[PDB]
Structures are given as structure tokens and as C-alpha cells.
file query_7.txt (compact mmCIF, N, CA, C and O atoms)
# COMPACT_ATOMS: atom_id res chain seq x y z
N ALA A 1 0.86 -1.23 0.00
CA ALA A 1 0.00 0.00 0.00
C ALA A 1 0.87 1.26 0.00
O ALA A 1 0.71 2.14 -0.85
N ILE A 2 1.87 1.29 0.90
CA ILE A 2 2.73 2.45 1.12
C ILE A 2 3.54 2.74 -0.14
O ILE A 2 3.72 3.90 -0.51
N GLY A 3 4.03 1.68 -0.78
CA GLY A 3 4.93 1.79 -1.92
C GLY A 3 4.37 2.71 -3.00
O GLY A 3 5.07 3.60 -3.48
N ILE A 4 3.09 2.49 -3.33
CA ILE A 4 2.40 3.15 -4.41
C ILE A 4 2.56 4.66 -4.28
O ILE A 4 3.02 5.35 -5.19
N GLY A 5 2.22 5.19 -3.12
CA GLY A 5 2.25 6.62 -2.94
C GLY A 5 3.64 7.21 -3.11
O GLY A 5 3.77 8.35 -3.55
N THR A 6 4.67 6.47 -2.67
CA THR A 6 6.04 6.98 -2.65
C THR A 6 6.42 7.36 -4.07
O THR A 6 7.05 8.40 -4.29
N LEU A 7 6.02 6.50 -5.01
CA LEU A 7 6.36 6.68 -6.41
C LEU A 7 5.72 7.98 -6.89
O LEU A 7 6.39 8.81 -7.48
N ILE A 8 4.43 8.15 -6.59
CA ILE A 8 3.67 9.28 -7.10
C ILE A 8 4.31 10.56 -6.62
O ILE A 8 4.56 11.43 -7.43
N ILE A 9 4.58 10.71 -5.33
CA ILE A 9 5.06 12.01 -4.90
C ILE A 9 6.47 12.26 -5.44
O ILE A 9 6.85 13.41 -5.63
N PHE A 10 7.24 11.19 -5.69
CA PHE A 10 8.57 11.32 -6.26
C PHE A 10 8.46 12.09 -7.57
O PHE A 10 9.23 13.02 -7.78
N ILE A 11 7.47 11.73 -8.40
CA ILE A 11 7.26 12.38 -9.69
C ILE A 11 7.12 13.88 -9.49
O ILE A 11 7.73 14.67 -10.19
N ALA A 12 6.36 14.28 -8.47
CA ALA A 12 6.13 15.69 -8.26
C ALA A 12 7.45 16.38 -7.92
O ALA A 12 7.67 17.48 -8.40
N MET A 13 8.27 15.77 -7.05
CA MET A 13 9.52 16.38 -6.62
C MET A 13 10.34 16.76 -7.86
O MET A 13 10.93 17.84 -7.89
N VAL A 14 10.38 15.85 -8.84
CA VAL A 14 11.18 15.97 -10.05
C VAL A 14 10.71 17.20 -10.80
O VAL A 14 11.50 18.08 -11.12
N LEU A 15 9.41 17.24 -11.06
CA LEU A 15 8.84 18.28 -11.89
C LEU A 15 9.05 19.63 -11.23
O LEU A 15 9.41 20.58 -11.92
N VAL A 16 8.90 19.72 -9.90
CA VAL A 16 9.00 21.00 -9.23
C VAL A 16 10.44 21.52 -9.29
O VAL A 16 10.65 22.72 -9.47
N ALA A 17 11.42 20.64 -9.14
CA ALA A 17 12.82 21.03 -9.26
C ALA A 17 13.10 21.49 -10.69
O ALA A 17 13.82 22.47 -10.89
N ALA A 18 12.49 20.81 -11.66
CA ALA A 18 12.68 21.13 -13.06
C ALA A 18 12.19 22.55 -13.32
O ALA A 18 12.90 23.33 -13.94
N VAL A 19 10.98 22.86 -12.85
CA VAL A 19 10.37 24.16 -13.05
C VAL A 19 11.25 25.24 -12.45
O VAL A 19 11.44 26.28 -13.06
N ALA A 20 11.81 24.99 -11.28
CA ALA A 20 12.64 25.98 -10.63
C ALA A 20 13.94 26.19 -11.42
O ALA A 20 14.43 27.30 -11.58
N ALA A 21 14.47 25.10 -11.95
CA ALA A 21 15.71 25.19 -12.70
C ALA A 21 15.49 26.09 -13.91
O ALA A 21 16.33 26.92 -14.23
N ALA A 22 14.34 25.90 -14.57
CA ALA A 22 14.00 26.65 -15.76
C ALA A 22 14.12 28.15 -15.48
O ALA A 22 14.70 28.86 -16.29
N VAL A 23 13.62 28.60 -14.33
CA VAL A 23 13.67 30.00 -13.96
C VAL A 23 15.13 30.46 -13.98
O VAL A 23 15.46 31.50 -14.53
N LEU A 24 16.00 29.69 -13.35
CA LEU A 24 17.35 30.13 -13.11
C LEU A 24 18.07 30.21 -14.45
O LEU A 24 18.75 31.21 -14.71
N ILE A 25 17.88 29.19 -15.30
CA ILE A 25 18.54 29.07 -16.60
C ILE A 25 18.10 30.26 -17.46
O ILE A 25 18.95 31.01 -17.94
N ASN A 26 16.78 30.41 -17.61
CA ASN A 26 16.16 31.46 -18.41
C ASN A 26 16.68 32.83 -17.99
O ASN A 26 17.14 33.62 -18.82
N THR A 27 16.59 33.11 -16.69
CA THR A 27 16.93 34.40 -16.13
C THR A 27 18.37 34.72 -16.48
O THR A 27 18.68 35.87 -16.77
N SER A 28 19.24 33.71 -16.41
CA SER A 28 20.66 33.91 -16.67
C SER A 28 20.80 34.36 -18.12
O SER A 28 21.53 35.31 -18.41
N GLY A 29 20.05 33.71 -19.01
CA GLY A 29 19.96 34.08 -20.41
C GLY A 29 19.55 35.54 -20.59
O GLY A 29 20.21 36.27 -21.32
N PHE A 30 18.47 35.94 -19.92
CA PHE A 30 17.92 37.28 -20.04
C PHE A 30 18.96 38.33 -19.65
O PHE A 30 18.97 39.42 -20.19
N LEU A 31 19.78 38.01 -18.66
CA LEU A 31 20.74 38.96 -18.15
C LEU A 31 21.95 39.00 -19.06
O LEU A 31 22.60 40.03 -19.15
N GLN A 32 22.28 37.87 -19.71
CA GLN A 32 23.51 37.77 -20.47
C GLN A 32 23.56 38.90 -21.49
O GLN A 32 24.58 39.57 -21.65
N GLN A 33 22.42 39.10 -22.17
CA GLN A 33 22.25 40.09 -23.22
C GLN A 33 22.67 41.47 -22.70
O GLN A 33 23.59 42.09 -23.24
N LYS A 34 21.98 41.93 -21.65
CA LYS A 34 22.09 43.30 -21.17
C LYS A 34 23.47 43.51 -20.58
O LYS A 34 24.00 44.63 -20.65
N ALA A 35 24.02 42.48 -19.96
CA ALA A 35 25.32 42.60 -19.33
C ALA A 35 26.32 43.01 -20.40
O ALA A 35 26.98 44.04 -20.28
N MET A 36 26.36 42.25 -21.50
CA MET A 36 27.34 42.52 -22.53
C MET A 36 27.10 43.92 -23.10
O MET A 36 28.02 44.72 -23.21
N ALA A 37 25.85 44.19 -23.47
CA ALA A 37 25.45 45.41 -24.15
C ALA A 37 25.99 46.61 -23.39
O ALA A 37 26.52 47.53 -24.00
N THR A 38 25.84 46.59 -22.06
CA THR A 38 26.15 47.74 -21.23
C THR A 38 27.63 48.04 -21.33
O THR A 38 28.03 49.20 -21.42
N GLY A 39 28.45 46.99 -21.31
CA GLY A 39 29.89 47.15 -21.30
C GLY A 39 30.38 47.75 -22.62
O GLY A 39 31.15 48.71 -22.61
N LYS A 40 29.90 47.19 -23.73
CA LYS A 40 30.33 47.62 -25.04
C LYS A 40 29.97 49.08 -25.21
O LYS A 40 30.83 49.88 -25.54
N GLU A 41 28.70 49.41 -24.98
CA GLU A 41 28.18 50.76 -25.14
C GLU A 41 29.01 51.74 -24.31
O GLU A 41 29.36 52.82 -24.78
N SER A 42 29.30 51.39 -23.06
CA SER A 42 29.94 52.32 -22.17
C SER A 42 31.36 52.60 -22.63
O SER A 42 31.87 53.71 -22.46
N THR A 43 32.02 51.60 -23.21
CA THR A 43 33.39 51.75 -23.63
C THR A 43 33.41 52.68 -24.83
O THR A 43 34.23 53.58 -24.88
N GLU A 44 32.53 52.44 -25.80
CA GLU A 44 32.50 53.23 -27.02
C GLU A 44 32.28 54.70 -26.69
O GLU A 44 32.81 55.57 -27.38
N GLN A 45 31.49 54.97 -25.64
CA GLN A 45 31.21 56.32 -25.18
C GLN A 45 32.48 56.98 -24.66
O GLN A 45 32.77 58.12 -25.05
N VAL A 46 33.24 56.30 -23.82
CA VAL A 46 34.34 56.99 -23.17
C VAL A 46 35.49 57.20 -24.15
O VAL A 46 36.26 58.14 -24.00
N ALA A 47 35.60 56.33 -25.15
CA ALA A 47 36.76 56.28 -26.03
C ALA A 47 36.62 57.24 -27.20
O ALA A 47 37.63 57.73 -27.72
N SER A 48 35.40 57.50 -27.65
CA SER A 48 35.19 58.23 -28.89
C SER A 48 35.00 59.73 -28.64
O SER A 48 34.56 60.15 -27.56
N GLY A 49 35.24 60.52 -29.69
CA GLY A 49 35.19 61.98 -29.58
C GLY A 49 35.73 62.66 -30.84
O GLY A 49 36.23 61.98 -31.73
N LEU A 50 35.64 63.99 -30.89
CA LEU A 50 36.20 64.79 -31.96
C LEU A 50 36.98 65.94 -31.34
O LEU A 50 36.67 66.34 -30.20
N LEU A 51 37.90 66.53 -32.12
CA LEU A 51 38.82 67.52 -31.61
C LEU A 51 39.01 68.62 -32.63
O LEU A 51 39.29 68.34 -33.79
N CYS A 52 38.91 69.87 -32.16
CA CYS A 52 38.97 71.09 -32.96
C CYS A 52 40.41 71.43 -33.25
O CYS A 52 41.27 71.28 -32.38
N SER A 53 40.66 71.81 -34.49
CA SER A 53 42.03 71.87 -34.96
C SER A 53 42.36 73.31 -35.23
O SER A 53 43.52 73.70 -35.13
N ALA B 1 35.15 41.37 -10.98
CA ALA B 1 34.30 42.60 -10.97
C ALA B 1 35.19 43.85 -10.99
O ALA B 1 35.01 44.74 -11.84
N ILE B 2 36.19 43.88 -10.10
CA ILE B 2 37.05 45.04 -9.90
C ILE B 2 37.85 45.34 -11.16
O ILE B 2 38.02 46.50 -11.52
N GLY B 3 38.33 44.27 -11.81
CA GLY B 3 39.22 44.39 -12.96
C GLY B 3 38.64 45.32 -14.03
O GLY B 3 39.34 46.21 -14.51
N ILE B 4 37.37 45.10 -14.35
CA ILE B 4 36.66 45.76 -15.42
C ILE B 4 36.82 47.27 -15.29
O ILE B 4 37.28 47.96 -16.20
N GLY B 5 36.49 47.79 -14.12
CA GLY B 5 36.52 49.23 -13.94
C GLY B 5 37.92 49.82 -14.11
O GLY B 5 38.04 50.96 -14.56
N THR B 6 38.95 49.08 -13.69
CA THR B 6 40.32 49.58 -13.67
C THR B 6 40.69 49.98 -15.10
O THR B 6 41.32 51.01 -15.32
N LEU B 7 40.29 49.12 -16.04
CA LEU B 7 40.62 49.30 -17.44
C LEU B 7 39.97 50.60 -17.91
O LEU B 7 40.64 51.43 -18.51
N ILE B 8 38.68 50.77 -17.60
CA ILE B 8 37.92 51.90 -18.11
C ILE B 8 38.57 53.18 -17.62
O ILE B 8 38.81 54.05 -18.44
N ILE B 9 38.84 53.33 -16.34
CA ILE B 9 39.33 54.62 -15.91
C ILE B 9 40.74 54.87 -16.45
O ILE B 9 41.12 56.03 -16.64
N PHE B 10 41.50 53.80 -16.71
CA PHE B 10 42.83 53.94 -17.29
C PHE B 10 42.71 54.71 -18.59
O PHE B 10 43.48 55.63 -18.81
N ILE B 11 41.73 54.35 -19.42
CA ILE B 11 41.51 55.01 -20.71
C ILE B 11 41.37 56.51 -20.50
O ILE B 11 41.99 57.30 -21.21
N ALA B 12 40.62 56.90 -19.48
CA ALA B 12 40.40 58.32 -19.26
C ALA B 12 41.72 59.00 -18.92
O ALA B 12 41.95 60.10 -19.40
N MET B 13 42.54 58.38 -18.06
CA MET B 13 43.79 58.99 -17.63
C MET B 13 44.62 59.36 -18.86
O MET B 13 45.21 60.44 -18.90
N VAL B 14 44.64 58.46 -19.86
CA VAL B 14 45.44 58.58 -21.07
C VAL B 14 44.98 59.82 -21.81
O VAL B 14 45.77 60.70 -22.13
N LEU B 15 43.67 59.87 -22.06
CA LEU B 15 43.10 60.91 -22.88
C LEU B 15 43.33 62.26 -22.21
O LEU B 15 43.68 63.21 -22.90
N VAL B 16 43.19 62.35 -20.88
CA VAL B 16 43.29 63.62 -20.20
C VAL B 16 44.73 64.13 -20.27
O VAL B 16 44.96 65.33 -20.43
N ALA B 17 45.71 63.24 -20.13
CA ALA B 17 47.12 63.62 -20.25
C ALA B 17 47.39 64.09 -21.68
O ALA B 17 48.12 65.07 -21.88
N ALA B 18 46.77 63.42 -22.65
CA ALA B 18 46.95 63.75 -24.05
C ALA B 18 46.47 65.17 -24.30
O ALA B 18 47.19 65.96 -24.92
N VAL B 19 45.27 65.49 -23.81
CA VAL B 19 44.66 66.80 -24.00
C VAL B 19 45.55 67.87 -23.40
O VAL B 19 45.75 68.91 -23.99
N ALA B 20 46.12 67.60 -22.23
CA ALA B 20 46.96 68.59 -21.58
C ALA B 20 48.26 68.79 -22.37
O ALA B 20 48.76 69.90 -22.53
N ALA B 21 48.78 67.70 -22.92
CA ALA B 21 50.02 67.79 -23.68
C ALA B 21 49.79 68.70 -24.88
O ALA B 21 50.64 69.53 -25.20
N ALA B 22 48.64 68.52 -25.53
CA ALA B 22 48.29 69.28 -26.71
C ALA B 22 48.42 70.77 -26.42
O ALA B 22 49.00 71.49 -27.23
N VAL B 23 47.93 71.22 -25.27
CA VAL B 23 48.00 72.62 -24.89
C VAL B 23 49.45 73.07 -24.91
O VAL B 23 49.78 74.11 -25.45
N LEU B 24 50.32 72.29 -24.29
CA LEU B 24 51.68 72.73 -24.07
C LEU B 24 52.39 72.82 -25.41
O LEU B 24 53.07 73.81 -25.66
N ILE B 25 52.19 71.80 -26.27
CA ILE B 25 52.83 71.69 -27.57
C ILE B 25 52.40 72.88 -28.42
O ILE B 25 53.24 73.64 -28.90
N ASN B 26 51.07 73.04 -28.55
CA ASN B 26 50.45 74.10 -29.34
C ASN B 26 50.98 75.47 -28.92
O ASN B 26 51.43 76.26 -29.74
N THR B 27 50.90 75.73 -27.62
CA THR B 27 51.25 77.02 -27.05
C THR B 27 52.69 77.34 -27.41
O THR B 27 53.00 78.49 -27.69
N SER B 28 53.56 76.33 -27.35
CA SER B 28 54.97 76.52 -27.63
C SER B 28 55.10 76.99 -29.07
O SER B 28 55.83 77.94 -29.36
N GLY B 29 54.34 76.34 -29.96
CA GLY B 29 54.23 76.72 -31.36
C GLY B 29 53.82 78.18 -31.52
O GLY B 29 54.47 78.92 -32.25
N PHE B 30 52.75 78.58 -30.83
CA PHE B 30 52.20 79.93 -30.94
C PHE B 30 53.25 80.97 -30.55
O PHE B 30 53.26 82.07 -31.09
N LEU B 31 54.08 80.64 -29.58
CA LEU B 31 55.05 81.59 -29.07
C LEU B 31 56.26 81.62 -30.00
O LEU B 31 56.90 82.66 -30.09
N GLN B 32 56.57 80.50 -30.65
CA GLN B 32 57.79 80.40 -31.43
C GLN B 32 57.83 81.53 -32.45
O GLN B 32 58.85 82.20 -32.62
N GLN B 33 56.68 81.74 -33.12
CA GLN B 33 56.50 82.74 -34.16
C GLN B 33 56.93 84.11 -33.64
O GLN B 33 57.85 84.73 -34.18
N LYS B 34 56.26 84.58 -32.58
CA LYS B 34 56.39 85.94 -32.09
C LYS B 34 57.78 86.15 -31.52
O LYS B 34 58.30 87.26 -31.59
N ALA B 35 58.33 85.10 -30.91
CA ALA B 35 59.64 85.22 -30.29
C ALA B 35 60.62 85.62 -31.38
O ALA B 35 61.29 86.65 -31.26
N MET B 36 60.64 84.87 -32.48
CA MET B 36 61.61 85.14 -33.52
C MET B 36 61.37 86.54 -34.08
O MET B 36 62.30 87.33 -34.20
N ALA B 37 60.12 86.82 -34.44
CA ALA B 37 59.72 88.04 -35.10
C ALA B 37 60.28 89.24 -34.34
O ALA B 37 60.81 90.16 -34.96
N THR B 38 60.15 89.21 -33.02
CA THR B 38 60.47 90.35 -32.18
C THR B 38 61.95 90.65 -32.30
O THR B 38 62.35 91.80 -32.38
N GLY B 39 62.76 89.59 -32.29
CA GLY B 39 64.21 89.74 -32.29
C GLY B 39 64.69 90.35 -33.61
O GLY B 39 65.47 91.30 -33.60
N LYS B 40 64.20 89.80 -34.72
CA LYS B 40 64.62 90.23 -36.03
C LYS B 40 64.27 91.70 -36.19
O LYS B 40 65.14 92.50 -36.52
N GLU B 41 63.00 92.03 -35.95
CA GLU B 41 62.49 93.38 -36.09
C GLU B 41 63.33 94.36 -35.27
O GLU B 41 63.68 95.44 -35.73
N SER B 42 63.62 93.99 -34.02
CA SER B 42 64.28 94.91 -33.12
C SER B 42 65.70 95.19 -33.59
O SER B 42 66.21 96.30 -33.42
N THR B 43 66.34 94.19 -34.18
CA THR B 43 67.72 94.34 -34.61
C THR B 43 67.73 95.28 -35.80
O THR B 43 68.56 96.18 -35.85
N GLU B 44 66.84 95.05 -36.77
CA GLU B 44 66.81 95.85 -37.98
C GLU B 44 66.60 97.32 -37.64
O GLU B 44 67.13 98.20 -38.32
N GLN B 45 65.82 97.58 -36.58
CA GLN B 45 65.54 98.93 -36.11
C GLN B 45 66.81 99.59 -35.59
O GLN B 45 67.10 100.72 -35.96
N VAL B 46 67.57 98.89 -34.76
CA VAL B 46 68.68 99.57 -34.10
C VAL B 46 69.82 99.79 -35.08
O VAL B 46 70.59 100.74 -34.92
N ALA B 47 69.93 98.94 -36.10
CA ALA B 47 71.08 98.90 -36.99
C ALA B 47 70.93 99.88 -38.15
O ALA B 47 71.94 100.38 -38.66
N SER B 48 69.71 100.14 -38.58
CA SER B 48 69.49 100.88 -39.81
C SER B 48 69.29 102.37 -39.55
O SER B 48 68.86 102.79 -38.47
N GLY B 49 69.52 103.18 -40.59
CA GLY B 49 69.46 104.63 -40.48
C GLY B 49 70.00 105.33 -41.72
O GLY B 49 70.49 104.65 -42.63
N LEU B 50 69.91 106.66 -41.76
CA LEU B 50 70.46 107.47 -42.83
C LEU B 50 71.23 108.62 -42.20
O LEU B 50 70.94 109.00 -41.06
N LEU B 51 72.15 109.21 -42.98
CA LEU B 51 73.07 110.20 -42.47
C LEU B 51 73.25 111.32 -43.49
O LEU B 51 73.52 111.04 -44.66
N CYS B 52 73.15 112.56 -43.01
CA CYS B 52 73.20 113.78 -43.81
C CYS B 52 74.63 114.12 -44.11
O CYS B 52 75.50 113.98 -43.25
N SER B 53 74.87 114.51 -45.35
CA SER B 53 76.24 114.58 -45.83
C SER B 53 76.56 116.02 -46.10
O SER B 53 77.72 116.41 -46.00

call {"tool": "encode", "arguments": {"input": "query_7.txt", "output": "C-alpha cells"}}
result
Amino acid sequence: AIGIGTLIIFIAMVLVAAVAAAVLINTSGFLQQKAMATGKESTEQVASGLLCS
Amino acid sequence: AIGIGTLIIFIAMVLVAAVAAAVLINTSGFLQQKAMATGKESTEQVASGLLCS
């Protein structure tokens, strides 16, 4: 009798961990974009300019 | 984390020293002209003349 239930709740544990992992993976992706963008943009700003002759 | 910023501000140090150097170089140029001019002119003045016979 006991055995049956153990299996069922095990399935839930798996799925819930999976769902949480998805958040972390996705979020890391979302940040990767902006992280790079900010650095490149900021460098181009400080480095570039024109000079009166 | 720290490394990133060090690089960026280094760039600024370079450019600011460059801009200051430009002033000194240019200014020296501006003075070179007048310095010479004054000497030549002044000599020609003291040396030249006419005499009644």
C-alpha cells in the first residue's frame, strides 16, 4: 500500500525542481544580453570623440 | 568585478594627459613665431638709419 504513494510524490519532486531550474537558466539568459550590451556601449562612449584643430 | 573598472578609468587617464600635452605643444608653437619676429624686427631697427652729408 505504502509503496504506491512513494512513487507518485517522487514524480512531483522531479517536476517542481525542473520548473525551478527553468527560472534560473532562463533568467541567466535574459541577463547575459544586457550585461554585454552595457559594457560595449559604455566603452564606445568613453573612447570616442572629436577635436577642434 | 574590480578588474573591469580599472581598465575603463585607465583610458580616461590617457586621454586627459593627451589633451593637456596638446595645450603645451600648441602654445609653444604659438610663441615660437612671435619670439623670432620680435628679435629680427628689433635688430633691424637699431642697426638701420640714414646720415646727412

call {"tool": "atom_distance", "arguments": {"input": "query_7.txt", "atom1": "atom N of residue 14 of chain B", "atom2": "atom C of residue 46 of chain A"}}
result
10.2 Å

call {"tool": "calpha_fit_and_write", "arguments": {"input": "query_7.txt", "fixed": "chain B", "moving": "chain A", "output": "short mmCIF file (atom, residue, chain, number, x, y, z; two decimals) with N, CA, C and O atoms, in the coordinates of the input"}}
result
data_model
loop_
_atom_site.label_atom_id
_atom_site.label_comp_id
_atom_site.auth_asym_id
_atom_site.auth_seq_id
_atom_site.Cartn_x
_atom_site.Cartn_y
_atom_site.Cartn_z
N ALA A 1 35.15 41.36 -11.04
CA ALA A 1 34.29 42.59 -11.02
C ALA A 1 35.17 43.85 -11.02
O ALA A 1 35.01 44.73 -11.86
N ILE A 2 36.18 43.86 -10.13
CA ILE A 2 37.05 45.02 -9.91
C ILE A 2 37.85 45.31 -11.18
O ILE A 2 38.03 46.48 -11.54
N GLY A 3 38.32 44.26 -11.83
CA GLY A 3 39.21 44.37 -12.98
C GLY A 3 38.65 45.30 -14.04
O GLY A 3 39.35 46.19 -14.52
N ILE A 4 37.37 45.09 -14.36
CA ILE A 4 36.67 45.76 -15.43
C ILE A 4 36.84 47.27 -15.29
O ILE A 4 37.29 47.96 -16.20
N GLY A 5 36.51 47.79 -14.13
CA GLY A 5 36.55 49.22 -13.94
C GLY A 5 37.94 49.81 -14.12
O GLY A 5 38.07 50.95 -14.55
N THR A 6 38.97 49.06 -13.69
CA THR A 6 40.34 49.56 -13.68
C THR A 6 40.71 49.95 -15.10
O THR A 6 41.34 50.99 -15.32
N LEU A 7 40.30 49.10 -16.04
CA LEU A 7 40.63 49.29 -17.44
C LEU A 7 39.99 50.59 -17.91
O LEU A 7 40.65 51.42 -18.50
N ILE A 8 38.70 50.77 -17.60
CA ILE A 8 37.94 51.90 -18.09
C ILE A 8 38.59 53.18 -17.61
O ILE A 8 38.84 54.05 -18.41
N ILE A 9 38.87 53.32 -16.32
CA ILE A 9 39.36 54.61 -15.88
C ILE A 9 40.77 54.86 -16.44
O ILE A 9 41.15 56.01 -16.62
N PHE A 10 41.53 53.79 -16.70
CA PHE A 10 42.86 53.92 -17.28
C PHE A 10 42.74 54.70 -18.58
O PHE A 10 43.51 55.62 -18.79
N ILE A 11 41.74 54.35 -19.41
CA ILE A 11 41.52 55.01 -20.69
C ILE A 11 41.39 56.51 -20.48
O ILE A 11 42.00 57.30 -21.18
N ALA A 12 40.64 56.90 -19.45
CA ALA A 12 40.42 58.31 -19.23
C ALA A 12 41.74 58.99 -18.89
O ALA A 12 41.96 60.10 -19.37
N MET A 13 42.57 58.37 -18.04
CA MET A 13 43.83 58.97 -17.61
C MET A 13 44.64 59.36 -18.86
O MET A 13 45.23 60.44 -18.89
N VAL A 14 44.66 58.46 -19.85
CA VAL A 14 45.45 58.58 -21.06
C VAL A 14 44.98 59.82 -21.80
O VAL A 14 45.77 60.70 -22.12
N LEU A 15 43.68 59.87 -22.05
CA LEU A 15 43.11 60.91 -22.86
C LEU A 15 43.33 62.26 -22.20
O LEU A 15 43.69 63.21 -22.88
N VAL A 16 43.19 62.34 -20.86
CA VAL A 16 43.30 63.62 -20.19
C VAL A 16 44.74 64.13 -20.26
O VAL A 16 44.96 65.33 -20.43
N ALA A 17 45.72 63.24 -20.12
CA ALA A 17 47.12 63.63 -20.25
C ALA A 17 47.39 64.10 -21.68
O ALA A 17 48.11 65.08 -21.88
N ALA A 18 46.77 63.43 -22.65
CA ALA A 18 46.95 63.76 -24.05
C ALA A 18 46.46 65.18 -24.29
O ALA A 18 47.17 65.96 -24.92
N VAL A 19 45.26 65.49 -23.81
CA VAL A 19 44.65 66.80 -24.00
C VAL A 19 45.54 67.87 -23.40
O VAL A 19 45.73 68.91 -24.00
N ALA A 20 46.11 67.61 -22.23
CA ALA A 20 46.95 68.59 -21.58
C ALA A 20 48.24 68.80 -22.38
O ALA A 20 48.74 69.91 -22.54
N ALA A 21 48.76 67.71 -22.93
CA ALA A 21 50.00 67.80 -23.69
C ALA A 21 49.77 68.71 -24.89
O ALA A 21 50.61 69.54 -25.21
N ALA A 22 48.61 68.53 -25.54
CA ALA A 22 48.27 69.29 -26.72
C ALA A 22 48.40 70.79 -26.43
O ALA A 22 48.97 71.50 -27.24
N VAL A 23 47.91 71.23 -25.27
CA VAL A 23 47.97 72.63 -24.90
C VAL A 23 49.43 73.08 -24.93
O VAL A 23 49.76 74.12 -25.47
N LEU A 24 50.30 72.30 -24.31
CA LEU A 24 51.66 72.74 -24.08
C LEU A 24 52.36 72.82 -25.42
O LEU A 24 53.05 73.82 -25.68
N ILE A 25 52.16 71.81 -26.28
CA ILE A 25 52.81 71.70 -27.59
C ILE A 25 52.37 72.89 -28.43
O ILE A 25 53.22 73.64 -28.92
N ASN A 26 51.05 73.05 -28.57
CA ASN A 26 50.42 74.11 -29.36
C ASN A 26 50.95 75.47 -28.93
O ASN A 26 51.41 76.27 -29.76
N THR A 27 50.88 75.74 -27.63
CA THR A 27 51.23 77.03 -27.06
C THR A 27 52.67 77.35 -27.42
O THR A 27 52.98 78.50 -27.71
N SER A 28 53.53 76.33 -27.37
CA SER A 28 54.95 76.53 -27.64
C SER A 28 55.08 76.99 -29.09
O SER A 28 55.81 77.94 -29.38
N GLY A 29 54.32 76.35 -29.98
CA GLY A 29 54.22 76.73 -31.37
C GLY A 29 53.81 78.19 -31.54
O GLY A 29 54.47 78.92 -32.27
N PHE A 30 52.74 78.59 -30.86
CA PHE A 30 52.19 79.93 -30.96
C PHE A 30 53.24 80.98 -30.57
O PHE A 30 53.25 82.07 -31.11
N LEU A 31 54.07 80.65 -29.59
CA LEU A 31 55.04 81.59 -29.09
C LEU A 31 56.24 81.63 -30.01
O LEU A 31 56.89 82.66 -30.10
N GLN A 32 56.56 80.50 -30.67
CA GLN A 32 57.78 80.40 -31.44
C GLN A 32 57.83 81.54 -32.45
O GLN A 32 58.85 82.21 -32.62
N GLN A 33 56.68 81.75 -33.12
CA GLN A 33 56.51 82.75 -34.16
C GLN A 33 56.94 84.12 -33.64
O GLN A 33 57.86 84.74 -34.18
N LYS A 34 56.26 84.58 -32.58
CA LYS A 34 56.38 85.94 -32.09
C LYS A 34 57.77 86.14 -31.51
O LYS A 34 58.30 87.26 -31.58
N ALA A 35 58.32 85.11 -30.90
CA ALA A 35 59.62 85.22 -30.28
C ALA A 35 60.62 85.63 -31.36
O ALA A 35 61.28 86.66 -31.24
N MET A 36 60.64 84.88 -32.46
CA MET A 36 61.61 85.15 -33.50
C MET A 36 61.37 86.55 -34.06
O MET A 36 62.30 87.35 -34.17
N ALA A 37 60.12 86.83 -34.42
CA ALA A 37 59.72 88.06 -35.08
C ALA A 37 60.27 89.25 -34.32
O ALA A 37 60.80 90.17 -34.93
N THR A 38 60.14 89.22 -32.99
CA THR A 38 60.46 90.37 -32.15
C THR A 38 61.94 90.66 -32.27
O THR A 38 62.34 91.82 -32.35
N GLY A 39 62.75 89.61 -32.26
CA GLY A 39 64.20 89.76 -32.26
C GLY A 39 64.68 90.37 -33.58
O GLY A 39 65.45 91.32 -33.57
N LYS A 40 64.18 89.82 -34.69
CA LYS A 40 64.60 90.25 -36.00
C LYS A 40 64.25 91.72 -36.16
O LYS A 40 65.11 92.52 -36.49
N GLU A 41 62.98 92.05 -35.92
CA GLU A 41 62.47 93.40 -36.06
C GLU A 41 63.31 94.38 -35.23
O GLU A 41 63.66 95.46 -35.70
N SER A 42 63.61 94.01 -33.99
CA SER A 42 64.26 94.94 -33.10
C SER A 42 65.68 95.21 -33.57
O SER A 42 66.19 96.32 -33.39
N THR A 43 66.33 94.21 -34.16
CA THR A 43 67.69 94.36 -34.59
C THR A 43 67.71 95.30 -35.78
O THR A 43 68.53 96.20 -35.84
N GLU A 44 66.82 95.07 -36.75
CA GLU A 44 66.78 95.87 -37.96
C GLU A 44 66.57 97.34 -37.62
O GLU A 44 67.10 98.21 -38.31
N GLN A 45 65.79 97.60 -36.56
CA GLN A 45 65.52 98.95 -36.09
C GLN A 45 66.80 99.60 -35.58
O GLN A 45 67.09 100.74 -35.96
N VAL A 46 67.56 98.91 -34.75
CA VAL A 46 68.67 99.59 -34.10
C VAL A 46 69.81 99.81 -35.09
O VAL A 46 70.59 100.74 -34.94
N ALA A 47 69.91 98.94 -36.10
CA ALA A 47 71.06 98.89 -36.99
C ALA A 47 70.92 99.86 -38.15
O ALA A 47 71.92 100.35 -38.68
N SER A 48 69.69 100.13 -38.59
CA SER A 48 69.47 100.87 -39.82
C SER A 48 69.29 102.37 -39.56
O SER A 48 68.86 102.78 -38.47
N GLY A 49 69.53 103.17 -40.61
CA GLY A 49 69.48 104.63 -40.49
C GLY A 49 70.02 105.31 -41.75
O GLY A 49 70.50 104.64 -42.64
N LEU A 50 69.93 106.64 -41.79
CA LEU A 50 70.48 107.45 -42.85
C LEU A 50 71.28 108.59 -42.23
O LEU A 50 70.98 108.98 -41.09
N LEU A 51 72.19 109.18 -43.02
CA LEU A 51 73.12 110.16 -42.51
C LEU A 51 73.31 111.27 -43.52
O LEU A 51 73.57 111.00 -44.69
N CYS A 52 73.21 112.52 -43.04
CA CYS A 52 73.27 113.74 -43.84
C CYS A 52 74.71 114.08 -44.14
O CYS A 52 75.58 113.92 -43.28
N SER A 53 74.95 114.47 -45.38
CA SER A 53 76.32 114.52 -45.86
C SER A 53 76.65 115.96 -46.12
O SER A 53 77.81 116.35 -46.03
#

call {"tool": "interface_residues", "arguments": {"input": "query_7.txt", "of": "chain A", "to": "chain B", "cutoff": "12 Å", "atoms": "only C-alpha atoms", "output": "list in words"}}
result
residues 39, 40, 42, 43, 44, 45, 46, 47, 48, 49, 50, 51, 52 and 53 of chain A

call {"tool": "atom_distance", "arguments": {"input": "query_7.txt", "atom1": "atom N of residue 32 of chain A", "atom2": "atom O of residue 10 of chain B"}}
result
27.7 Å

call {"tool": "atom_distance", "arguments": {"input": "query_7.txt", "atom1": "atom C of residue 3 of chain B", "atom2": "atom O of residue 41 of chain A"}}
result
16.1 Å

call {"tool": "axis_aligned_box", "arguments": {"input": "query_7.txt", "around": "segment 31-38 of chain B", "padding_each_side": "6 Å", "output": "lines of an AutoDock Vina configuration file"}}
result
center_x = 58.2
center_y = 86.1
center_z = -32.1
size_x = 20.3
size_y = 23.4
size_z = 18.0
